[PDB]
Ligand SMILES: [Fe+2]
Ligand SMILES: [Fe+2]
Ligand SMILES: [Fe+2]
Ligand SMILES: [Fe+2]
Ligand SMILES: [Fe+2]
Ligand SMILES: [Fe+2]
Ligand SMILES: [Fe+2]
Ligand SMILES: [Fe+2]
Ligand SMILES: [Fe+2]
Ligand SMILES: [Fe+2]
Ligand SMILES: [Fe+2]
Ligand SMILES: [Fe+2]
C-alpha cells in the first residue's frame, strides 16, 4: 500500500478505457481539479457524483474521486445551491473529480462487456453503431436468463412479457438507461429480449406492441455490476487504498 | 344517438384546445365525417394496438384517448401503425384526443388530484398551467394512505427529508418527474407526487431534499380519467365504456 | 403464361432495375403503404401519382400492388383526416400495397432520364447533376429537329422560352419532371444551350431569358410518362403478371 | 419632384409595414434620394431587359413590383453585375413595393376583388394576402370577365361543378403552391391565381377546388395598370410602363 | 450588520434585473446563503483572478462586479476558473453582478456619461436601451477637453469629418464600437464616444463619415462605476472599497 | 497580361483551397477576365478611399487582402453603392486573397516568422493560421525588432516575466480574440498580433500570456509589402500600393 500521483491513476484508467471510445459530446475526463501532481492516498469509486457521495468522500478522506457519471451534462454559468455545495467541498478539500462515462461502457471488459459475459452471449456484437450495448444469442431458456438476472443484478426485475420466448433467443443488454422509446423501436428489430434500466410508461406500451420483451433490472444495478468488476480491476493493479462510495 | 361533432364540442367546451401546450398533438387523430352518428363511446389512456383491437371488438364508434396516436410525424405506413390505422379506418372508428388541455383545464386531471388531497389554496404549478401546488392539511402518513387507497398501493417513495404536517404538496398527473421538473418543483413544494421516476431524477431529488412519490404514470392519470368518464356519462345519453382501465 | 407473384418478388425485381441507394438524400422511396410482403399479387398497377382518383381506380380494377413514381407523402404527418384518410382507407381495407421508386427510377440506367437522353440520341451523354439527376449531351441536329421530336413523342404544344438563337449541334440537357427551379436554371445555364423539362413558372422564365438559356416546358407529366411507359413495357416483358397503367 | 417625394407618395398608398416579414421592399439600388426625377418607369420585374429599356428611354426612377434580389449575395459577376452597372453609371434609382402593394387597400388583390365585384370581401390569409368573397353570378360569367380583362386563355382545373353565387378567392401572382391549395380549399369553390404546377393541380383535383391559372404575369399587371394610372393622375410627372 | 439580501435588494432597486438585455448573465454569480452577514463590500469592473485574490487579501465578503464571471457556460472546472471559484468558496465570498441592467438604468453608466457632457434632450441610443444620444451644446474641442479631463487623457480620435458646434453626440460605456454599431450610430449622430475600437470598425467609421472617439472600454465604464460606488457608500452603512479602480 | 493570368499567378502562390471556411476569397467584382490590365493596385482594405484612389490612379485590377463583403447583402445603397459604382463604371476588377494569403508559404504569417527568425517554426492552428517557434533572444530585442519594423508604439500586456529563448507565436491581423488567447496561452509565452480588446487583455493577464498588439494594420502590411515586391519582381506590370 502506497501513495500515487493523480496522472498515474488517470493514465492507467485511460489505458483501460481510452477517451477515444466515448461517444461525441460526452463530458468525460477531468471534472474538477487543478494539480495532477497531487498525491493520492485514497481512491474513491462511485456511480454518481451526488451530494451525499461527495460528503462521504470528504468524511472518508478520499483524495481522488472517480465517478461513472459526469458532474454536469449541461454546462452552467452560475454557481449556487447544490452545485455550490458540491464544488465547495471538493475545492476546500482539494479533491480531484474524474469521470469515465461512455468510454467505460464501450471498452473491452467494460460495463456492457461485463453483462455480455455474465449471460455468456454467443458471438456478441455491438448493439449500436457508436457502439453502445451488446447483442447475441443466449444459449438457454428465458427462465435461466431471468434466474441469472435475479442472482447477479437485481432480484426483482420488472418484466414486460410482450410475447413467449423460446430457448436460444437473441438477447440485447445495455447498462444504464437504454429503455427510451427510440431505443425500444431500434432494439425490437434486433432482439427478442432487452435487458436494461429506467423503464417508463410509453416505453412499456411500445415494447408490448412490438413484441419486444423488456427486462428492467434498474439503471443502478445494471451498471454497478460492471463497476464492481472495474473496482476489483483497479485494486489488483494499483497499490492504493480503494473504496466504493454509493455501492 | 348523437353525432361525433356533438361529442367533440362537449369535450372542447370542458377542455378548450387552446389550453394545450404548444405543439401538442390534440384534437382529431383519425377520422373524416364528423356528422357520423355515435352509439358507443370508448375511453382509453393510450391509443395502443390492444386498446384499438378491443374498441373494434366492443363496437366502439368513438374512441377517446388521453395520449395522441403520434407525437412524431411519419410518411410511411407499415408495421404496427399500419395495423392500428387499418382497424380504425376499415371500421370508420373516430380517434380523438384531449391531452395537455385535459391536464390543465378546470376539473381536469391535475385538478382531480388536487381535490383528492383537498389541497388548501391550490395554484397552478407551472405558468403554462400544468400541475397543482398547495398545502396538505395533514401529516405525511395521511397523505401516503390516501395515495395508497385511491391511486396506487405501492408507490416508490424517495424520502429525501423528514416531512412535517401541513407541508407543501405538488401534484402532476402523468410524467412530471424529469430532472428539469425536479429542480423547478423543489423550490415550490416539499413533496412531489407524479409518475415515471428514473435514476438521475431520484438522485437529484435526494440532493435537493424534495420528497418524491412515484405513484406511476398510469395511475395518476387514470384517476382523473375515471372522473372524466363519469362526467361524460352524466351529461351524454350514450353508452360509455373504458378500455385500458 | 399469366400467373400470381408475391409482393417481395416484385419489389426485389424493381430494386434490381432501380436500386434504392441510387435515390437522392431524404427521398421517400420504397414501401409506402403495406404490411405483409408475402401477400400474393394478381394485378400490378403502375401510376405517376398516388392520387385519390388513381387509388379509387386501383380498387375498381382489383389492383393488388400499386406502384407509383411519386411517394404518397413528401412531408410527414401525424393526423389522418380528409383526403389522406380516404386514400389510406381504400388501400388498407382492400389490403392494396403501395410502393414507390422515385429518384432512383430517375437516375438508374434505362431510367426516366436515360429514356429522354436515348430519345434525343444525345451524343456522349453525361449526368446533369452530381447526385445523378438529368442527362446532358450534344444534340446532333438543328433546334427544330429537336422540337419536332419533342412535339411528336413528348408533348404537342410545349412552352418555348426562346432566350437566344440556337445553332446546330447544341448542348441539350434533359430532366424528367420538375427541373425548372431558379437554382436549376442558373446551374444548367452554365452547362447547356437548351434545357428540356417541366413545370415552368414566371420567375424561372425571366431568369432563363436573362441568362440566354433556352427552356422547353413539355410539362412535368409528359416528360416522365414517356419513361414510365418504357418501364411498364420492361415489367410486362419480364414478369408473367397482369400489369395495367392507371393515370397514363 | 425629388425621388423621396415619389417614394413618400407610394409608401402613403402602400405602407412598408404591410409587407409580410423579410420581404425585400423599399430602396433596391440608389444613393441620393434628393435627386430630382424627370421620367418614372413602372415594371413587374427588374429584369436585365427591363433595366436596359429603362436606360434607353432615359428613365431615372425605376419602380418594380418584384425586388431585385430575394437571396443576399457577396460577389458581383455575370447578370447581376450587368444590371447594377447599368443602374449605377446612369444613376437610375431602383425601388420596389412588393407584398405591401399586394395587401394594401386598392392594391393588386383589391383590384381583382373589385373587377369580379366580390360581395362582402375579406382577406384570404391573416397576413393580408388575397381576397375571398361571393361572386354574384355563374361560373361562365366569371370566366368571361377573366378572359376579357385578365387573360384570354386561362388554364381551368375543373375539379367540380360550380353553382351560381359561389365563393371566389383571388391572389395576384404566385398563389398556387400546395400549401395554398390545401388552405384555400377550405375557404372557396374557385381559386384564381397564377403559376400552376403539376402536384398543385393534382391536389386541387383531390380537394374539389376549382383552380383558374390566368398566369402570374397577367394577374399582377392588371393591378399594376390601375396603380400606374393612379400615379399619373396624382403626380405631375412623365410615367411609362416597361414590361407591360 | 447588513446581510446579502439587503444589499442585493438595494442594487436591484437601482438597477432592476428586468432591464438587462436578453440572455445577459446578471445577478448572483457565486454564492449560496444570502443571509450571510456583510461588513465589507468590494466593487470591481472585472471579476479577474487578481481582483478575486485582492478581495481575499482585503477581507471582502461581498464582491460586486460589472462583468459576469462567465458569459459562455462550462461543465468542467480546471485552470483559472478553478482557482477563482476555490478562493470565493473557501472564503465564502459572494460574487454578484449587475451588467447591462446597470448600463441601461436611470443614473446608470450611460446616463453618467450623458450628464457629464450635459447632453440636451438625451434619448436611448438603442431600442433595448443601451447608450444615450443627444446634442452637445458646444464645439468639438470643448467635448474633447471634457473627455481628456474626466475620462481618458489621450483618446483615439477618428476624425472622419469636420464637426460643427452643437453636434449630436452618442455615448456608450464599454464596448460599443462593433461594425454593426458603427453602421447604426452613423445614422443617428456625428460623434460616437465608446471603447474597444478595432481596425475594421475604424475603416468603416471613416467611410461613413462618423467621428469615433475611443476613450477605452475601461475608462468609459469606471467613470460611471465611481459614481455608483459613491452612491452605495452614501446609502449603505458598510465599508466599501474598489478593487481594480 | 490578362486578368485571368494575374489571378492564375496569385493562386499559384496562394491556392484558394488553403483558405479556411467559406472565406469570401477570389473574384469580388468583375465580369470579363480576358481583360488586359494597365495598372495593378494592391491594398489591405477595399475601402471607399482606396477605391477612389484606384480610379484616380487608373488602376483596372484592384487586389485587396480583405474581401469587399463578409456578409451577403440584397440592397445596394449608401457606401456600398459608391464603391460598386466606381468599380463598375471604370470596369475595375476587384479580387481578394484573404486567409489563403495568410496561410500559404512566404505568406503574411511566414513573413512575420522570418522577420523574428523563429527557430524551428510551426503552424499555430491546425487549419494553418499563424506561426509559433523559439525566439533566440531576450524579450527586448523582440520588442526592438517590433518597434523598428512593425509599429513604434505596440501595446504590451506584460502578464509575466519573459526569459531568453522563449516561445513566440505570431498571427497577422486579428488574433487576439478571447478564444485565441486561451488557445495560444498553452502554446507560447509571447503572442504577437493585432486588435486587442479589454476582455482579451484581462484574460491574457490571468493566463500569464504576454500579448503584444502591433495593430491589425501593421502586422499585415509588413507581409503585404513583401508580397508586392514579389509580384513586381515576376510580372512586367506597373504595380502600386493604395493604403500602404
Ligand atoms: Fe448511466
Ligand atoms: Fe453508462
Ligand atoms: Fe401522460
Ligand atoms: Fe398528461
Ligand atoms: Fe416528378
Ligand atoms: Fe422524377
Ligand atoms: Fe409576384
Ligand atoms: Fe405579388
Ligand atoms: Fe463592459
Ligand atoms: Fe457595460
Ligand atoms: Fe489576415
Ligand atoms: Fe485582416
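Quick reminder, even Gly has a Cβ in these numbers, built from the backbone with ideal geometry, and neighbours come from all protein chains shown. Basis: the model, the stated rules and, where named, an outside source; these are not laboratory values.
The table that follows gives values for the structure above.
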| item | result |
| --- | --- |
| Matching residues, region F:112-126, being in a loop (DSSP other than H, G, I, E, B) and within 12 Å of residue F:136 (Cβ to Cβ) | F:116, F:117, F:118 |
| Of all residues in region D:35-65 being within 17 Å of the chain's Cα centre (by Cα) and in a loop (DSSP other than H, G, I, E, B), the one that is surrounded by the most Cβ atoms within 10 Å (Cβ to Cβ) | D:46 |
| Some residue of region F:53-75 being over 30 Å from residue F:130 (Cβ atoms), without any contact (Cβ under 8 Å) to a residue 12 or more places away in the chain and more than 8 Å from chain D (Cβ to nearest Cβ) | yes |
| Tally, over region F:1-18, of residues that are under 18 Å from residue F:38 (Cβ atoms) and within 19 Å of the chain's Cα centre (by Cα) | 3 |
| Elements of type helices (runs of 4 or more DSSP H) in region E:76-121, at least 2 residues being at negative phi, away from ligand 10 (no atom under 15 Å from the Cβ) and assigned by CATH to the domain that holds residue E:44 | E:79-90 |
| Among (1) crowded, with 16+ Cβ neighbours inside 10 Å; (2) within 14 Å of chain D (Cβ to nearest Cβ); (3) touching a helix residue (DSSP H, G or I) at 6+ places or on another chain (Cβ under 7 Å), the one test that residue F:89 misses | (1) |
| Test: residue in region C:169-184 that is farther than 28 Å from residue D:68 by Cα, away from ligand 6 (no atom under 16 Å from the Cβ), surrounded by fewer than 16 Cβ atoms within 10 Å (Cβ to Cβ) and not assigned by CATH to the domain that holds residue C:58 | yes |
| Check on residue C:188, assigned by CATH to the domain that holds residue C:53 and in contact (Cβ under 8 Å) with a residue 60 or more places away in the chain | no |
| Counted residues, region F:163-209 - those being in contact with a helix residue (DSSP H, G or I) (Cβ under 8 Å, 6 or more places away or on another chain), under 16 Å from residue E:80 (Cα atoms) and more than 14 Å from chain E (Cβ to nearest Cβ) | 0 |
| Hits in region C:178-193 (condition: within 20 Å of residue C:112 (Cα to Cα) and within 10 Å of chain D (Cβ to nearest Cβ)) | C:178, C:180 |
| Helices (runs of 4 or more DSSP H) wholly inside region E:141-245 containing at least 2 residues that are more than 14 Å from chain F (Cβ to nearest Cβ) | E:217-235 |
| Which listed residue is crowded, with 20+ Cβ neighbours inside 10 Å, more than 22 Å from the chain's Cα centre (by Cα) and more than 28 Å from residue B:48 (Cα to Cα), from B:205, B:189, B:170 | B:205 |
| Selection within region B:57-78 - loosely packed, with under 15 Cβ neighbours inside 10 Å and within 14 Å of chain C (Cβ to nearest Cβ) | B:71, B:72, B:73, B:74, B:75 |
| Residue, nearest to the chain's Cα centre (by Cα), within region F:163-181, restricted to residues that are within 24 Å of residue F:98 (Cα to Cα) and surrounded by fewer than 21 Cβ atoms within 10 Å (Cβ to Cβ) | F:174 |
| Every residue from region D:127-153 that is farther than 25 Å from residue D:186 by Cβ, in a loop (DSSP other than H, G, I, E, B) and within 19 Å of the chain's Cα centre (by Cα) | D:151, D:152 |
| First in region A:194-205 and more than 9 Å from every other protein chain (Cβ to nearest Cβ) and free of Cβ contacts under 8 Å to residues at least 60 places away in the same chain, second anywhere and within 16 Å of ligand 3 (Cβ to nearest atom) and part of a helix (DSSP H, G or I), Cβ under 7 Å, 6 or more apart | A:203/A:181 |
| Test for residue C:225: is it away from ligand 2 (no atom under 16 Å from the Cβ), within 14 Å of chain D (Cβ to nearest Cβ) and out of contact with any strand residue (DSSP E or B) (no Cβ under 8 Å at 6 or more places or on another chain) | yes |
| Subset of region C:95-109 (residues that are buried (at least 16 other Cβ atoms within 10 Å of the Cβ) and part of a loop (DSSP other than H, G, I, E, B)) | C:96, C:101, C:102, C:108 |
| Residues of region F:18-34 satisfying the condition of being part of a loop (DSSP other than H, G, I, E, B), buried (at least 16 other Cβ atoms within 10 Å of the Cβ) and more than 13 Å from chain D (Cβ to nearest Cβ) | F:19 |
| Top-ranked residue of region A:105-123 - restricted to ones that are within 30 Å of residue E:77 (Cα to Cα) and in contact with a helix residue (DSSP H, G or I) (Cβ under 6 Å, 6 or more places away or on another chain), ranked as farthest from the other protein chains (Cβ to nearest Cβ) | A:107 |
| Identity of the residue in region D:157-196, over 21 Å from residue D:111 (Cα atoms) and not in a loop (DSSP other than H, G, I, E, B), that ends up farthest from ligand 10 (Cβ to nearest atom) | D:157 |
| Flag for residue E:129 being more than 14 Å from chain F (Cβ to nearest Cβ), touching a residue at least 60 places away in the same chain (Cβ under 8 Å), away from ligand 9 (no atom under 15 Å from the Cβ) and part of a loop (DSSP other than H, G, I, E, B) | yes |
| Selection within region A:73-88 - within 22 Å of the chain's Cα centre (by Cα) and surrounded by 19 or more Cβ atoms within 10 Å (Cβ to Cβ) | A:86 |
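Residue by residue, here is whether (1) more than 14 Å from chain D (Cβ to nearest Cβ); (2) out of contact with any strand residue (DSSP E or B) (no Cβ under 7 Å at 6 or more places or on another chain); (3) in a strand (DSSP E or B) holds:
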position: C:125; (1), (2), (3): yes, no, yes
position: C:144; (1), (2), (3): yes, yes, no
position: C:152; (1), (2), (3): yes, yes, no
position: C:155; (1), (2), (3): no, yes, no
position: C:233; (1), (2), (3): yes, yes, no
